[PDB]
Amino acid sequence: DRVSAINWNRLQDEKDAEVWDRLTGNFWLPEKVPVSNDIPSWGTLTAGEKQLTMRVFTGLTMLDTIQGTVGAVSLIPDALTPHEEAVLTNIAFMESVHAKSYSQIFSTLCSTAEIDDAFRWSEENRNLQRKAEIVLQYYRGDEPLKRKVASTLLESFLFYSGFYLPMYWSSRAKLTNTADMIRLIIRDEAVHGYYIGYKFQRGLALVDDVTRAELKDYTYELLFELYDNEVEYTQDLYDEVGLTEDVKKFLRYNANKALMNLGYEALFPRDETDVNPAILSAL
């Protein structure tokens, strides 16, 4: 019903101010990263290596388009404090900045026909469309706690299937400026996943033991459902270049991190998350 003017001089949760300060202090635009210097590096990639990168980037763009246009805004009614709502508007905006930065890279490095083929791929790829349907279903549904689990899994897990590639190129001294751009995105996602997962835990404290158990089951069920689908998405993309086994390690590595954002203990063992150290050095 009625809305009240936001008073930032009375915070119900100091974390809202902390997250707001970090996110707004990290404000950036794609024009800030000079991707033009990557033109030589880009030309050294195979047609397939170029295609792999453009598709991975288009997949990241969709997750950003979804999270900014639907995800963050759908979290606003489930806020615990009016400042949480303000933080969410920033997330929604920065997601649009993230999605635009990929069109910036495309404009500087790729041709129009290459870009059209990349976007056409995202429309027809069943695995990419499937993971979008899964989170969108919970975003647009009800059950506020389940929505936050799906959102946290998006910020801390779904993205990193594609974040691997720009780190891979950086480890090979290729597309280094683009990697700087993507690093700015990852820095924002970390805070987004931390904040939404933090609020999820705050909401968990307000429900009964039965509901709490139902949600732990839900998180594991949705994680494996999303993971089983992500491995398909990963295989089709990285099997050509032979990176699938390592991307899968990276997937399990961040899946554990996504779980901890939701207050849950890590799930995958060390022997399944030992991603190649060259990729972590790029992080």
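Numbering starts at 1 and follows the sequence shown.
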Comparing average C-alpha B factors as deposited, tell me which of 240-248 and 215-223 sits higher. 240-248
So which stretch wins on mean C-alpha B-factor, 59-67 or 34-42? 34-42
Note to self: of 54, 255, 47, 231, the C-alpha temperature factor tops out at 47
Top Cα B-factor in this entry, restricted to 72, 86, 182, 132, sits on 182
Third of the chain, ranked by Cα B-factor, where residue 202 sits: middle
What third of its chain's C-alpha B-factors does residue 121 belong to: lowest, middle or highest? middle
Entry-reported Cα temperature factor of residue 95, expressed as the chain third it lands in: lowest
Splitting the chain's C-alpha B-factors into thirds, which one does residue 109 fall into? highest
Splitting the chain's C-alpha B-factors into thirds, which one does residue 168 fall into? highest
